[PDB]
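A.B. asks: I'd like to ask you about the structure that follows.
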Amino acid sequence: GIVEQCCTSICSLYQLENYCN
Amino acid sequence: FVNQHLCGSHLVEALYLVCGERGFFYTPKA
């Protein structure tokens with residue numbers, strides 16, 4: 001999930017945009 | 001500003017700034 005990819009590990013714009021509507 | 005550890009309200013803020021008018025979905029337990 002987003003926590004595993006952006007909190008416990010370093011986030012990225014690619015990852016963040018996957019969560020935009 | 002997105003290339004770092006973003007947790008909790010910090011992560012929610014990042015999504016808010018990046019997604020804009022598109023909005024987003026926050027699913028912590030995924």
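As shown in the structure tokens, the chain order sets the letters A, B, ...; within each chain, residues go from 1, and ligands are also counted from 1 in the order they appear.
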Considering only C-alpha atoms, extract the chain B residues located within 6 Å of chain A and return them as a ChimeraX atom specification.

C.D. replies: /B:2-7,19,22-25,28,30

A.B. asks: Within chain B, find each residue whose DSSP state, derived from the backbone, is alpha helix (DSSP H), and express the selection as a list in words.

C.D. replies: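 The alpha helix (DSSP H) subset of chain B is residues 9, 10, 11, 12, 13, 14, 15, 16, 17, 18 and 19 of chain B.
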